[PDB]
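Let me begin by presenting the structure, written as structure tokens, before commenting on it.
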Amino acid sequence: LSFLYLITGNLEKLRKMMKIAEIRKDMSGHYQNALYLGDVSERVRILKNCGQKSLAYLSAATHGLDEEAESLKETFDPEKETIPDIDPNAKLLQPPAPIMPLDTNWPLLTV
Amino acid sequence: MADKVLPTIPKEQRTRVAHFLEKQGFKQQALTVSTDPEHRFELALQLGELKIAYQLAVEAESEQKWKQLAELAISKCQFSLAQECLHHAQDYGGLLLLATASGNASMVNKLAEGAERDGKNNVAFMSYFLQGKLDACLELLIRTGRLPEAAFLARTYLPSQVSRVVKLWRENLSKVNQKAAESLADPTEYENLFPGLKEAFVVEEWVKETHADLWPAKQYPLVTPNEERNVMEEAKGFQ
């Protein structure tokens, strides 16, 4: 259903749902909320699952917020030292600008 | 004193004693004696000469090694390499978690290739999307027989495949006759497609967009570029 909601070009319903299944635990699923979005709040939770400031940085940096991820990372006694490619490079783009719909509701006919 | 003896011990001996050494907790030293690929390997896990462990791996000769190792590498946060091993493993799932977290297209192409590999429909889609590629998502659907669903995407974010696709879906339906089951129209009648005139296509927004895809949305960030995708987005998008 969530998928239907993201298919369609509108934003909330998925988010409450996201709340209500985030709230029902998770280790690989948060992902669903993030892409079609920019911003995620999941990160507040996420760090707790990870909490190695690593995820928090990778995620963090672009809202102009790499920084908190570093603060903890330091506090720990950091453990990061090498990284692989991953520089945001894939397009979270597509959906439905004016003319030629969405489909909340879909019309048809027996004919 | 022992070292003089040491020449005068070989293969297997080294192993036993190595275990003793290991018991001594003279792991490094235990490393020096080290004498079985397994033996070396486990110790290596404990030990973490990372590169060194790789050489022992050499050609690992078991993804299981890589899997085990991957967890370890990741712990050491020796990712550049980890990626190489994991990639070498091509063990997609864990590897995805990293790759995604910083984000990356390149990973995505190779992966796309992978995506094709995996054998359940769903992941591959996220990828296609993730990349931004309706086209890919839709092509994927063609193989799986996702047909109702494919239509929704084709509609929402318009590649107007809704017209193309709908005919085919309908055809299936058609096969399974009954007029209601057949179901029919694209520009006008049942559907009024382009005559409805509403929210998944056009040039101007699109032009702005054309660029948009190219820059980073911005708010304040890192070398790891911007795109956003929230309230603002909704507003311009309408424009």
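Jot down the radius of gyration and Dmax of the protein assembly as shown, Cα atoms only, both in angstrom.
Final numbers for Rg and Dmax: 26.5, 98 Å.
Suppose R0 equals 45 Å. What FRET efficiency, 1/(1 + (r/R0)^6) with r the Cβ-Cβ distance, do B:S106 and B:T188 give to the nearest 0.05?
Result of the calculation: an efficiency of 0.50.
Would you look at the GNM of chain B, springs on alpha carbons closer than 10 Å, and say which of B:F79, B:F26, B:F125 moves the most?
Ranking B:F79, B:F26, B:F125 by mean-square fluctuation puts B:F26 first.
Using only Cα atoms, tell me the angle between helix B:92-102 and the longest principal axis of chain B; keep it within 0 to 90° and round to the nearest 10.
Approximately 70 degrees, to the nearest 10.
Once you have all Cα-Cα distances for the stretch A:58-101, histogram them in 5 Å bins from zero and send the whole-percent values.
Calculated P(r), rounded to whole percents: 6, 14, 16, 19, 14, 8, 8, 6, 5, 3, 1.
Could you tell me which of the pairs A:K80/B:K67; A:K91/B:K65; A:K80/B:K27 are separated by over 22 angstrom between their Cα atoms in the structure shown?
Over 22 Å apart, Cα to Cα: A:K91/B:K65; A:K80/B:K27.
Just grab the label-to-label distance for A:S28 and B:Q64, each label 7 Å out from Cα along the Cβ direction, in nm (one decimal).
2.0
Which GluC sites (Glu not before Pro) does the stretch A:20-111 hold that lie in a coil by DSSP with at most 10 other beta carbons within 10 Å?
Working: sites: A:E22, A:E42, A:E67, A:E68, A:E70, A:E74, A:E79, A:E81; in loops: A:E79, A:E81.
Here the sparse-neighbourhood loop sites are A:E81.
For the protein assembly as shown, what is the mean residue ellipticity at 222 nm derived from helices alone (per DSSP H run of n ≥ 4: -39500 (n - 2.57); sum divided by total residues; nearest 500 deg cm²/dmol)?
Roughly -17500 deg cm²/dmol at 222 nm, from the helical runs in the protein assembly as shown.
Please give the helix B:63-76 orientation as an angle from the longest Cα principal axis of chain B, in degrees from 0 to 90, rounded to the nearest 10.
Rounded to the nearest ten degrees, it is 90.
Report, as an integer, the average count of C-beta atoms from other chains found within 10 Å of each Cβ along B:145-155.
Values: counts 0, 0, 0, 1, 3, 0, 2, 7, 7, 2, 9.
Mean partner-chain Cβ count within 10 Å for B:145-155: 3.
Quick query: amide H of B:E199 versus all other amide H atoms, modeled in the peptide plane; which residues come in under 5 Å with a sequence gap of 5 or more or a different chain?
A:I99, A:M100, A:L102
Counting other Cβ atoms within 10 Å, which GluC sites (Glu not before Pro) in the stretch B:27-63 have at most 10 and lie in a DSSP loop?
Listed in order of number, the matching sites are B:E59, B:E61.
Between the stretch A:32-57 and the stretch B:173-239, what's the alpha-carbon centroid distance in Å?
After rounding, the separation between the Cα centres reads 27 Å.
Computed FRET efficiency, Cβ-Cβ of B:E42 and A:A21, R0 35 Å: what is it to the nearest 0.05?
Approximately 0.35, to the nearest 0.05.
Once both axes come from the Cα atoms, what is the angle between helix B:161-175 and the longest principal axis of chain B, in degrees from 0 to 90, rounded to 10?
Taking the Cα atoms of chain B, the angle to B:161-175 is about 90 degrees.
Would you work out if the stretch B:122-239 is rounded, prolate or oblate? Take a ≥ b ≥ c from the square roots of the eigenvalues of the alpha-carbon gyration tensor; rounded if a/c is under 1.5, else prolate when a/b is larger than b/c, oblate otherwise. Kindly include the intermediate steps, with their values, before the conclusion.
Values: a/c = 3.55, a/b = 1.78, b/c = 1.99.
Because a/c hits 1.5 or more and a/b fails to exceed b/c, the stretch B:122-239 counts as oblate.
Mind checking the mean number of beta-carbon atoms from other chains within 10 Å of the Cβ atoms in B:203-212?
For peptide B:203-212, the averaged partner shielding equals 2.
Only the coordinates and a few stated rules stand behind these numbers; no lab work does. Virtual Cβ from ideal backbone geometry, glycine too; neighbours counted across all protein chains shown.
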